[PDB]
Amino acid sequence: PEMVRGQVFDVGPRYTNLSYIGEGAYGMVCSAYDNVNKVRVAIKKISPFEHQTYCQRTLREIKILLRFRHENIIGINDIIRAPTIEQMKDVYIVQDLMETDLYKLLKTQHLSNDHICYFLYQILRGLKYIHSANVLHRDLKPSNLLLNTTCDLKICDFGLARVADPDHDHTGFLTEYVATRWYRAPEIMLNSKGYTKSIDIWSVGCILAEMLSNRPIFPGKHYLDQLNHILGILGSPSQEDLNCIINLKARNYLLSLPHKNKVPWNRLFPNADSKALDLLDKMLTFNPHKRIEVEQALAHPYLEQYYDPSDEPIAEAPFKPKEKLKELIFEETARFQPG
Ligand SMILES: *CC(=O)NCc1ccc2[nH]ncc2c1
């Protein structure tokens with residue numbers, strides 16, 4: 001069995017010459033030489049079988065990524081596991097190797113307006129497909145946007161994804177949430193379970209802002225601090241947007257705050273393209289019902305050099321305990337077995 005940094009990374013003999021890349025949720029990520037296809041690949045080790053929630057997210061992603069096929073969405077090329085349920089402890093998911101990700105790139109690189117435009121186009125093109133399948137990604141962030149050496153972009157990590165359920169979106173004030181804080185839409189903290197497509201467009205807005213300055217736009221340090229970062233820039237919500245929040249704890253929290261002025265986008269981002277900032281404003285709209293949808297975002301003047309709905313494909317159809325979840329992970333990975 002191959003090893004890397006003390007741990008077993010047991011993918012051979014097909015995959016050899018391992019090098020460490022980084023960490024997934026349930027294990028290590030390495031690159032390896034694929035001896036059949038004669039290219040280096042990425043492989044992530046998943047050890048999920050002790051926990052309901054680890055199993056849930058592992059299985060959700062596998063089911064989604066096997067059903068999806070899109071240029072801007074990472075695929076699964078192979079899955080490695082032991083031949084029987086009794087012997088299966090780890091699962092390895094093999095995927096196309098990508099040089100970097102947007103989190104790593106933003107730490108080190110100034111992006112040209114032309115790169116910002118191209119990255120944003122590819123994110124939304126991928127998101128059009130995901131949303132067309134009635135699926136919500138629910139954890140869009142720079143580290144979930146893979147880039148190769150020619151700046152092709154692929155969305156990854158479908159562990160938090162859900163089928164959209166707008167009729168069951170409503171909840172109370174300060175309801176706990178799982179997805180990454182800095183990219184959470186204001187409504188998560190107020191009255192939303194994150195079951196509508198508008199959740200993903202807010203995160204894309206945050207990513208666009210972050211591409212403009214290399215700094216997260218709303219770097220909250222804790223649950224409600226995230227909301228006050230957002231209101232600090234957007235300003236106090238209007239009467240009409242406040243009246244949309246029927247829940248009294250949420251509404252009265254907002255009414256309790258002093259007046260805050262909107263900070264103009266062109267003052268936060270003085271070197272940004274004015275069309276980029278018009279689109280940014282529409283993605284970072286407080287009221288999720290007024291927020292731009294993915295297909296409108298693609299049609300925005302900022303992206304007119306790339307926009308081509310005939311080349312922005314949609315999905316063929318809508319998408320629909322731990323002993324049982326291990327069995328389901330086993331069955332779902334059967335197609336990659338010798339046999
Ligand atoms: C978002 C995610 O899954 N990150 C881990 C990862 C997947 C695929 C991949 N290909 N090259 C590097 C990679 C990292």
# chains A, B, ... in the order shown; residues from 1 in each chain; ligands from 1
call {"tool": "residues_near_ligand", "arguments": {"ligand": "ligand 1", "cutoff": "8 Å", "atoms": "only C-alpha atoms and all ligand atoms", "output": "NGL selection string"}}
result
:A and (21-24 or 29-31 or 41-44 or 74 or 94-101 or 143-146 or 155-158)
call {"tool": "residues_around", "arguments": {"residues": "residue 140 of chain A", "least_positions_apart": "6", "cutoff": "9 Å", "atoms": "only C-alpha atoms", "output": "JSON list (two decimals) with N, CA, C and O atoms, in the first residue's frame"}}
result
[["chain", "number", "residue", "atom", "x", "y", "z"],
["A", 155, "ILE", "N", -16.39, 23.90, -10.79],
["A", 155, "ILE", "CA", -16.99, 23.92, -9.49],
["A", 155, "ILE", "C", -16.82, 22.57, -8.83],
["A", 155, "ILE", "O", -17.06, 21.55, -9.49],
["A", 156, "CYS", "N", -16.44, 22.53, -7.54],
["A", 156, "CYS", "CA", -16.30, 21.30, -6.79],
["A", 156, "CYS", "C", -17.00, 21.40, -5.42],
["A", 156, "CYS", "O", -17.50, 22.46, -5.05],
["A", 157, "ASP", "N", -17.02, 20.29, -4.70],
["A", 157, "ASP", "CA", -17.64, 20.06, -3.38],
["A", 157, "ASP", "C", -19.14, 20.20, -3.37],
["A", 157, "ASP", "O", -19.68, 21.26, -3.10],
["A", 179, "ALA", "N", -23.19, 26.14, 6.07],
["A", 179, "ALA", "CA", -22.36, 26.64, 4.96],
["A", 179, "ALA", "C", -21.43, 27.80, 5.37],
["A", 179, "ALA", "O", -21.71, 28.43, 6.34],
["A", 180, "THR", "N", -20.38, 28.11, 4.60],
["A", 180, "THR", "CA", -19.29, 29.02, 4.98],
["A", 180, "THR", "C", -19.72, 30.48, 5.21],
["A", 180, "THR", "O", -20.28, 31.16, 4.34],
["A", 183, "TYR", "N", -19.78, 33.86, 2.98],
["A", 183, "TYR", "CA", -20.47, 33.77, 1.68],
["A", 183, "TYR", "C", -21.98, 33.53, 1.93],
["A", 183, "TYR", "O", -22.66, 33.24, 0.97],
["A", 200, "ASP", "N", -27.27, 30.75, -3.70],
["A", 200, "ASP", "CA", -26.06, 30.59, -4.49],
["A", 200, "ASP", "C", -25.66, 31.90, -5.18],
["A", 200, "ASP", "O", -24.44, 32.20, -5.26],
["A", 203, "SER", "N", -23.64, 34.08, -2.90],
["A", 203, "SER", "CA", -22.26, 33.60, -2.73],
["A", 203, "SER", "C", -21.43, 34.03, -3.95],
["A", 203, "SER", "O", -20.29, 34.49, -3.80],
["A", 204, "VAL", "N", -22.02, 33.90, -5.15],
["A", 204, "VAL", "CA", -21.31, 34.32, -6.37],
["A", 204, "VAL", "C", -20.99, 35.83, -6.34],
["A", 204, "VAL", "O", -19.86, 36.22, -6.66],
["A", 207, "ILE", "N", -18.01, 36.30, -4.22],
["A", 207, "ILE", "CA", -16.83, 35.85, -4.95],
["A", 207, "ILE", "C", -16.39, 36.89, -5.94],
["A", 207, "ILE", "O", -15.19, 37.16, -6.06]]
call {"tool": "closest_residue", "arguments": {"among": "A:213, A:234, A:267, A:318", "to": "residue 134 of chain A", "atoms": "only C-alpha atoms"}}
result
A:318
call {"tool": "select_by_dssp", "arguments": {"residues": "segment 23-144 of chain A", "states": "strand (DSSP E or B)", "output": "JSON, numbers by chain"}}
result
{"A": [23, 28, 29, 30, 31, 32, 33, 34, 39, 40, 41, 42, 43, 44, 45, 46, 73, 78, 79, 80, 91, 92, 93, 94, 95, 96, 100, 101, 135, 136]}
call {"tool": "atom_distance", "arguments": {"atom1": "atom CA of residue 305 of chain A", "atom2": "atom CA of residue 273 of chain A"}}
result
14.2 Å
call {"tool": "residues_around", "arguments": {"residues": "residue 337 of chain A", "least_positions_apart": "4", "cutoff": "12 Å", "atoms": "only C-alpha atoms", "output": "tab-separated table (two decimals) with C-alpha atoms, in the first residue's frame"}}
result
chain	number	residue	atom	x	y	z
A	78	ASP	CA	-12.97	6.66	-11.04
A	79	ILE	CA	-13.82	5.52	-7.53
A	80	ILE	CA	-11.53	3.11	-5.61
A	81	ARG	CA	-12.74	0.97	-2.79
A	82	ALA	CA	-12.45	-2.60	-1.46
A	83	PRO	CA	-14.56	-5.26	-3.26
A	84	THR	CA	-16.91	-6.02	-0.33
A	330	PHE	CA	-21.09	0.74	-1.87
A	331	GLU	CA	-23.90	0.38	-4.48
A	332	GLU	CA	-23.36	3.84	-5.94
A	333	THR	CA	-19.61	3.12	-6.53
call {"tool": "residues_around", "arguments": {"residues": "segment 300-302 of chain A", "least_positions_apart": "2", "cutoff": "12 Å", "atoms": "only C-alpha atoms", "output": "PyMOL selection string"}}
result
chain A and resi 113-114+116-118+120-121+124+272-283+292-298+304-308
